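Below is one structure, written out as structure tokens, with a few remarks after it.
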Amino acid sequence: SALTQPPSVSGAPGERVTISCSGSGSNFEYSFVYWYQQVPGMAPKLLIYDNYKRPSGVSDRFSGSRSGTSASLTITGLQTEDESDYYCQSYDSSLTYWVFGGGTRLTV
Amino acid sequence: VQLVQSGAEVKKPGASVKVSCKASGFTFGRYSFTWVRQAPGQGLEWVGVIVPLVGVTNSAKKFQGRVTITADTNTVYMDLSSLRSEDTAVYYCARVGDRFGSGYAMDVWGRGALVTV
Amino acid sequence: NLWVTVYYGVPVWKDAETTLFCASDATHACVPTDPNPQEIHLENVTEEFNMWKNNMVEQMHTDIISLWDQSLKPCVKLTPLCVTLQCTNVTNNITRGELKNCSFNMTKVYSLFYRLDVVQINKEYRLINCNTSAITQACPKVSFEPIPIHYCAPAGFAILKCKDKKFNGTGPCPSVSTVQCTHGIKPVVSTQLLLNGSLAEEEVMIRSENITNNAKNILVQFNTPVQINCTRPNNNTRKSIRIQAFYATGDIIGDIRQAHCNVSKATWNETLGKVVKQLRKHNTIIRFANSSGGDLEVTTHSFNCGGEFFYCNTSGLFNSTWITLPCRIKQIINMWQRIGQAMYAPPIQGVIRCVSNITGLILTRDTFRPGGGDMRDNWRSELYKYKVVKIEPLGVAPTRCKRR
Amino acid sequence: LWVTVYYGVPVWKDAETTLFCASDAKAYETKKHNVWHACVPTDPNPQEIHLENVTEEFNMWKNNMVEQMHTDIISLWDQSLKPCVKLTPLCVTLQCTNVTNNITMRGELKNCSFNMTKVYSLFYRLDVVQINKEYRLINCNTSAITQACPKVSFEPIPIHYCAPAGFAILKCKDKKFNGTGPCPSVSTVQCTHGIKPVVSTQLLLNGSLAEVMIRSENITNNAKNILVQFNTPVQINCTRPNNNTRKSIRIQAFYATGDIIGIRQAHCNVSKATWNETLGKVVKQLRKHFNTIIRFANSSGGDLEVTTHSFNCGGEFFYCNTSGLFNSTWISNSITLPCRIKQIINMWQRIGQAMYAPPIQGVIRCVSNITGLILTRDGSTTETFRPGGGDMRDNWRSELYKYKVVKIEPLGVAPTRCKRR
Amino acid sequence: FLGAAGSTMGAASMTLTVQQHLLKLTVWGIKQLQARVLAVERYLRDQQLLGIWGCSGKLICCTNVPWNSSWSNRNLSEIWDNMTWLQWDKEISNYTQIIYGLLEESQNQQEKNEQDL
Amino acid sequence: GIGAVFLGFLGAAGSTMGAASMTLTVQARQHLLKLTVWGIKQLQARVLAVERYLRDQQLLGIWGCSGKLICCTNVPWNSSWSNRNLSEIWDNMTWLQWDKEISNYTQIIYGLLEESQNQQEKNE
Amino acid sequence: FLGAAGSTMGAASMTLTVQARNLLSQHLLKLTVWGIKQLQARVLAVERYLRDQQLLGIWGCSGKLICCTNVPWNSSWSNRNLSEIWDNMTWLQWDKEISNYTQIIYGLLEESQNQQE
Ligand SMILES: *[C@@H]1O[C@H](CO)[C@@H](O[C@@H]2O[C@H](CO)[C@@H](O[C@@H]3O[C@H](CO)[C@@H](O)[C@H](O)[C@@H]3O)[C@H](O)[C@H]2NC(C)=O)[C@H](O)[C@H]1NC(C)=O
Ligand SMILES: *[C@@H]1O[C@H](CO)[C@@H](O[C@@H]2O[C@H](CO)[C@@H](O[C@@H]3O[C@H](CO)[C@@H](O)[C@H](O)[C@@H]3O)[C@H](O)[C@H]2NC(C)=O)[C@H](O)[C@H]1NC(C)=O
Ligand SMILES: *[C@@H]1O[C@H](CO)[C@@H](O[C@@H]2O[C@H](CO)[C@@H](O[C@@H]3O[C@H](CO)[C@@H](O)[C@H](O)[C@@H]3O)[C@H](O)[C@H]2NC(C)=O)[C@H](O)[C@H]1NC(C)=O
Ligand SMILES: *[C@@H]1O[C@H](CO)[C@@H](O[C@@H]2O[C@H](CO)[C@@H](O)[C@H](O)[C@H]2NC(C)=O)[C@H](O)[C@H]1NC(C)=O
Ligand SMILES: *[C@@H]1O[C@H](CO)[C@@H](O)[C@H](O)[C@H]1NC(C)=O
Ligand SMILES: *[C@@H]1O[C@H](CO)[C@@H](O)[C@H](O)[C@H]1NC(C)=O
Ligand SMILES: *[C@@H]1O[C@H](CO)[C@@H](O)[C@H](O)[C@H]1NC(C)=O
């Protein structure tokens, strides 16, 4: 499969930003989408697994959402810390292949 | 627990790269390991996956037979052959799934080893 | 002055982790049930009774995964089946062109495979994942029927149990009693619909980690049983293929349809009204969508029954904004959301019809859409009122005494 | 001053307590028929608490585990013969014939035929005696023979030994320890190592491995048997190259040996070089107690359980020469052994009582470890060490040479400079 | 002893001083037997503990080590009178090891003074 | 379990009697059917050990020691039993050495303890 | 175990220890059920003994056989000559003479130890 992200979305602090996760393929109706954050130059961390859940040590501000074939990662209470890149992937359970999104840069 | 990882290297076109990830603090048990890489200034692109329990391997299918991932019992080894200029990137490895083998979200990440050609 | 005095004989306790039994009435590590379980009620007692940080659920999930894998390793590994599979579509009857008659050059035999166990390749086609998955088949002797399994405590551990039918998950409930042997628990794998389980009597009961969060699921047992009359209307045939003889499907008997389910429309709509009455407790309208996507196992109501693996999307139901479902089945399956290992589910001849229960529901806010996808949540309903406890008869307290 | 009591100080006193068997989970699970009774599995938690500045006078020729653990085998083995069927009416005037379809054997087998209530059977020259073509079993009348059930087998199963609470086992770990006298390293363990109920004469098959050690109640005495444990094992493979045919006769059901499929005598083999090397190590260790002249002569004589090398191999009991391994003379500066097969055997030198080995089908092959030797000093030219053995006790003493059972009395007294009120 | 749970320590102190069908029977007979033994053994370990403190099965014992205010303390009356004390341990729970040390030290010094005198 | 306690009392055998003293206070702190049978012998041994610990406790009970470990009693130690000074008797000997010399007089000492306690309570 | 049961009270006072240490006093299933009865018996002996021991424990004895107290005997529980008590008043009949007062004695003993504490 394949999926495409908008290359950059920006906003002022305190806003509610929504980074889209398009590129939805025919099989993308299945194949859970996750969400990864990386501080540029650092090891990417996990944010959301199985389209809405949140690990224990991850800020409650982030949240997940699935909309039809597309997906969306919702942020509230934007801070200066959110200056990083967010990549979304999907586990194509048919051919057993993770496919990663292009890359979104959230700029304050 | 953490994924201790090898240091940087400098390889030539068509050379052989073999990076390492040692399971620090836990055994293989039922977890599965994936290898992802990042071209500097580009988004992550998948490379491979291994399941030490049953020896299952895979790839991104644009590494057609170039990549093999091995599990030794303690560490995991993935090798590159027939390098080109597009294969320079930081090659992360990560742990897939919690105990019980469930899940597919790779969350524990090694610091990231760099190979350049 | 205020001097300490030890008070042996104290009736205090401090809950702790432990290993528990696997007592049933009929799965080899089991022991038979206790004759006369004693439920000693306790008067005027309260304690912070939790059900989401419970330590028995994670024990129970570890047990089921083991019990699953223990009775599955010795079988005809489907590794020989890893070869190009010749196949053709079936038009003997259409009343739905999913099935495909596949022929294989074998140490030349034919078989029928569903579309969900054949992958698109690039004409002639191949199974979903065998070159990159160690498939396995199930012994015909074993039955996937859900056998009740009690959990009893070992020596020294006293299992408490909450009784207040108005029990909001966590939080105290001053009705606890020592229930050394637990009540019947049925390990049944299901998604979006807890088939068999308990039901609140007073009214629909809503319990979750923390409602305000939209990440944590919604686990609900409402009041009373709704049935789900659902069948497999296909007289299918099993004929052995010796390779160590994995089962397949040679052909079917005449008519073909889809595994329709029945839900008793009036009852289901009635129950949700009580449900939405409680959902509004914590004026804005409450609308049930039918999930979003991600995996048949999750998107649909992937419920085992009759020794077969059903995957049936609730798109039919949960379509209300304030029956009959085309429930396809898949041959191959990877249980427990696993990576790698996958089963085969050998076929069973004839038809199979089965109906028990829809006692519980799993919802995920955005209450709205349903999806559970994590069989750990299923067992957190049956074990909602049991926390193993280790008794500690010592005690210390200050007193106006001086000893010597 | 006065005396004070201290409940808990370590104290020992040699005593005899009834121990209990110990086994393993998977090992117990693998118990088809009764190849050998349910036994307690022991948790693999070897305490092995190594004591420091400790010394207890071990002993092996007055140990009470040997007399104990040997008795356990007798009672267990008696139960192995209880549920099976007596062969009391089986013997009758036979019509055996020296039929030799093939010759390796040399006419050892006989085509016996009995007018049962008229079927033929095969029996070696050992299990049948001529009478006056009329013959009969060696001892049926004026005797008692009970055939083992065909389902059961006779393969050894490892057994651990654990004492009850209040009794602790002292295990000697010194590398150089002839059996008697003090042992420096005295490790206290509750459950001993994997004792093996190996049933064998002078050649100790597949037991614990030792330098080669020489152990004797009294060397000056010729009477006591000399145990020698090998440091390095010597492989022994021994085969029965004949496919046995088992015919069931409804008399209860006797199991006669039918005609063999296609006839080669059973035979054992030993690597001559490795045997020669080990024997030199033996003779070099013997000379420590003695330059001198050492000669080996084969078993002098006696019963068929001692004159030869008796051992068990896959539910079949073999009697083989050892003249091919004990014929040498040594100064300061592969081998094949002919065998015989017996089905009526009276192990443990019991009169009247004996068991009939049920036939085992096919060619029988087994491999084991030659780890121990039993030698008998003859009665000042040279000291010829003939192979003796005999008494079944010794084969236990090669394993239980390093264990004793002691009673602990935590109570104790001492004259301390202290007084009560 | 378990029935008395849910009462104040003034109330608890007084109450303290007074204080195949065959196959089912044979297996759960052992477990009932198994529990009985762990009742006795757990009792002895406590008796051993009360031994070194200077009580040895006196139930309502006493000791000559004061109750420092560093431990969770209030007016003694309320602790006796109205506070259910199954929850009292939850107050003194992370302090329960060091206090035993003071109980341990108190007897050792007490006997040493007795030994000298 | 009590089973490990006994050879726990045996953990430090070669140590000095003084050394054992403090360590003593530190020391004061069809597969179903086959599973049924093993349950007996595993349980049967343990309850037997309990009787062993009670019997010693009861024996300690008759003497003026209740249930304490490092007990003392006011019965004089006559020089007839192993006349030797108190200095060395606690450092350069071992318990195994000590009782072996005493093992000729264990019973008389125990008997000597019985009336020593006995007279104390009557005229108390 | 009883020994000289009907002997003089003085006689029993000497032999209270009772010689010291002597004072304590299908096939698979058929063999198993016999074991349960055996083990159930032995533990029943121990449980009864400890309860008696603890019963002494509440009093100022804790397992000292003969044990003086601080409770003065009231001259109302059918008292007679002190000599006759240890001359002909045998133990068994001495029980029947007391009978009801044992509960009084048990209650009386309890408070004296506590007020001591
Ligand atoms: C149940 O879920 C709700 C929401 O999902 C949780 O409430 C959230 O609690 C956090 C922590 O207090 C709040 O974050 C805070 O926001 C303030 C904004 O001024 C900021 O100053 C703090 O530093 C912190 O970031 C969050 O706003 C709040 N959200 C809501 C809707 O109340 C609640 O804690 C959860 N309960 C449990 C037991 O997990
Ligand atoms: C090991 O065995 C040897 C014999 O092979 C034992 O030596 C024997 O010791 C006994 C005494 O215990 C001797 O009996 C006495 O001999 C003297 C003359 O030496 C005689 O005057 C007495 O009337 C009595 O017969 C015996 O002769 C002697 N034999 C030899 C050949 O030395 C040795 O004591 C044994 N040691 C062990 C480990 O027990
Ligand atoms: C042990 O070694 C000895 C010699 O080192 C072997 O002695 C041989 O024993 C056989 C027994 O069958 C003798 O054969 C018989 O001899 C008698 C003599 O009259 C004869 O009447 C019989 O018909 C039969 O031939 C053989 O002669 C003898 N060797 C010599 C040189 O005389 C012995 O076999 C070895 N094995 C055992 C188990 O003893
Ligand atoms: C045990 O072995 C010995 C020799 O290894 C056998 O004795 C031989 O017997 C024959 C019979 O006449 C003699 O001709 C040989 O000379 C003997 N051997 C030697 C070396 O002298 C003996 O037969 C074997 N045992 C049995 C039971 O057969
Ligand atoms: C199986 O996978 C291996 C390794 O990627 C590949 O070389 C081979 O072509 C595959 N075979 C099939 C039948 O897909
Ligand atoms: C819900 O219903 C829609 C059709 O309205 C269907 O396409 C979808 O697969 C169903 N399930 C999910 C997970 O949305
Ligand atoms: C007993 O058997 C022997 C042969 O072993 C035979 O000679 C004898 O006549 C039989 N009868 C007796 C005496 O029991």
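Here the Cβ is made from the backbone with ideal geometry for all residues, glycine too, and neighbour counts use every protein chain on show. None of the figures in this text is laboratory data; all of them are computed from the coordinates on show.
Points worth noting:
Each row is one residue, and each column tells you yes or no for (1) over 22 Å from D:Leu227 (Cβ atoms); (2) within 16 Å of ligand 7 (Cβ to nearest atom).
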{"site": "D:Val306", "(1), (2)": "no, no"}
{"site": "D:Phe317", "(1), (2)": "yes, no"}
{"site": "D:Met347", "(1), (2)": "no, no"}
{"site": "D:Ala354", "(1), (2)": "yes, yes"}
{"site": "D:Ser368", "(1), (2)": "no, no"}
{"site": "D:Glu383", "(1), (2)": "no, no"}
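- Verdict on B:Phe26 being over 20 Å from A:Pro40 (Cα atoms) and surrounded by 14 or more Cβ atoms within 10 Å (Cβ to Cβ): no
- If the condition is being hydrophobic (A, V, I, L, M, F, W, C), buried (at least 19 other Cβ atoms within 10 Å of the Cβ) and in a loop (DSSP other than H, G, I, E, B), then region D:193-203 contributes only D:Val198.
- Note on region D:147-192: enclosed strands (runs of 3 or more DSSP E) holding 1 or more residues that are more than 11 Å from chain F (Cβ to nearest Cβ) and among the charged types (D, E, K, R) are D:167-172.
- A single entry from D:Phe326, D:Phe311 fulfils the requirement of being part of a loop (DSSP other than H, G, I, E, B) and more than 16 Å from ligand 2 (Cβ to nearest atom): D:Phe326.
- Set C:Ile185, C:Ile256, C:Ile243, C:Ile218: member being under 30 Å from C:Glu308 (Cβ atoms), in contact with a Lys or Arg (Cβ under 9 Å, 6 or more places away or on another chain) and more than 16 Å from ligand 1 (Cβ to nearest atom): C:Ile256
- Among the residues of region D:380-421, those identified as assigned to a loop (DSSP other than H, G, I, E, B), among the polar types (S, T, N, Q) and either more than 9 Å from every other protein chain (Cβ to nearest Cβ) or closer than 30 Å to D:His193 by Cβ (or both) are D:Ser380, D:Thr381, D:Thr382, D:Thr384, D:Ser398.
- Those residues of region C:4-54 which are within 8 Å of chain E (Cβ to nearest Cβ), outside any loop (DSSP other than H, G, I, E, B) and loosely packed, with under 15 Cβ neighbours inside 10 Å, in sequence order: C:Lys14, C:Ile40
- Pairing residues of region A:43-62 that are within 7 Å of another protein chain (Cβ to nearest Cβ) and closer than 15 Å to C:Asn213 by Cα with residues that are in a strand (DSSP E or B) and among the basic types (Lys, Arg), at Cβ distances under 6 Å and at least 6 apart in sequence or on separate chains, gives A:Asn51/A:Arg66.
- Any hit, region B:107-114, residues being farther than 30 Å from C:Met60 by Cβ, away from ligand 7 (no atom under 16 Å from the Cβ), within 14 Å of chain A (Cβ to nearest Cβ) and basic (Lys, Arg): yes
- When residues of region A:74-97 are limited to those that are in a strand (DSSP E or B) and over 14 Å from the mean Cα position of the chain (by Cα), the one nearest to the other protein chains (Cβ to nearest Cβ): A:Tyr97
- Applying the set (1) more than 8 Å from chain D (Cβ to nearest Cβ); (2) among the polar types (S, T, N, Q); (3) surrounded by 18 or more Cβ atoms within 10 Å (Cβ to Cβ); (4) under 28 Å from F:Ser15 (Cβ atoms) to F:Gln117 leaves exactly one unmet item: (4).
- Within region B:65-82, the residues that satisfy the criterion of being in a strand (DSSP E or B) and closer than 15 Å to B:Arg30 by Cα are B:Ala71, B:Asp72, B:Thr75, B:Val76.
- Flag if D:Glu305 is more than 9 Å from ligand 4 (Cβ to nearest atom), touching a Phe, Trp or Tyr at 6+ places or on another chain (Cβ under 8 Å), at negative phi and more than 14 Å from chain F (Cβ to nearest Cβ): yes
- Of all the listed residues (G:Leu65, G:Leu2, G:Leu56), the sole one being within 24 Å of F:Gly61 (Cα to Cα) and facing another protein chain (nearest Cβ under 7 Å) is G:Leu65.
- Considering region F:78-102, and only residues there that are assigned to a loop (DSSP other than H, G, I, E, B) and surrounded by 11 or more Cβ atoms within 10 Å (Cβ to Cβ), the residue that is farthest from the chain's Cα centre (by Cα) turns out to be F:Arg84.
- Close pairs (6 angstrom Cβ cut-off, 6 or more residues apart or separate chains): of a type in the set (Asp, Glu) in region D:126-141, away from ligand 5 (no atom under 16 Å from the Cβ) anywhere: D:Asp127/D:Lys342; D:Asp127/D:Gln343; D:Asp127/D:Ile344; D:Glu134/D:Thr93
- Check on C:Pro80, surrounded by fewer than 15 Cβ atoms within 10 Å (Cβ to Cβ), in a loop (DSSP other than H, G, I, E, B) and more than 24 Å from the chain's Cα centre (by Cα): no
- Residue ID - nearest to ligand 7 (Cβ to nearest atom), chosen from residues in region D:319-328 that are in contact with a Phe, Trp or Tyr (Cβ under 9 Å, 6 or more places away or on another chain) and among the polar types (S, T, N, Q): D:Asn327
- All conditions but one from (1) within 24 Å of F:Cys72 (Cα to Cα); (2) facing chain G (nearest Cβ under 9 Å); (3) among the basic types (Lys, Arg) apply to E:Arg45; the one that does not is (2).
- The set of residues in region C:217-260 that are over 20 Å from C:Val351 (Cα atoms), out of contact with any strand residue (DSSP E or B) (no Cβ under 8 Å at 6 or more places or on another chain) and in a loop (DSSP other than H, G, I, E, B) comprises C:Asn223, C:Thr224, C:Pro225, C:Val226, C:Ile243, C:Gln244.
- The residue that is nearest to the chain's Cα centre (by Cα), among those in region A:59-73 that are buried (at least 16 other Cβ atoms within 10 Å of the Cβ) and assigned to a strand (DSSP E or B), is A:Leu73.
- Residue within region B:53-74 that is buried (at least 22 other Cβ atoms within 10 Å of the Cβ), under 14 Å from the mean Cα position of the chain (by Cα), over 30 Å from A:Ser8 (Cα atoms) and of a type outside the set (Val, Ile, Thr) present: yes
- Summed over region A:33-58, the residues that are of a type in the set (A, V, I, L, M, F, W, C) and either out of contact with any strand residue (DSSP E or B) (no Cβ under 8 Å at 6 or more places or on another chain) or in a loop (DSSP other than H, G, I, E, B) (or both) give a count of 4.
- When we screen D:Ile226, D:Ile249, D:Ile236, D:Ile261 for residues that are farther than 30 Å from D:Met60 by Cα and surrounded by 13 or more Cβ atoms within 10 Å (Cβ to Cβ), the only hit is D:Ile249.
- Among the residues making up region B:83-117, those that are part of a loop (DSSP other than H, G, I, E, B) and closer than 19 Å to C:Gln337 by Cα are B:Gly97, B:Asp98, B:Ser102, B:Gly103, B:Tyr104, B:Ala105.
- Tally, over region C:193-217, of residues that are within 16 Å of ligand 6 (Cβ to nearest atom) and either in contact with an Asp or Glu (Cβ under 6 Å, 6 or more places away or on another chain) or within 14 Å of chain A (Cβ to nearest Cβ) (or both): 1
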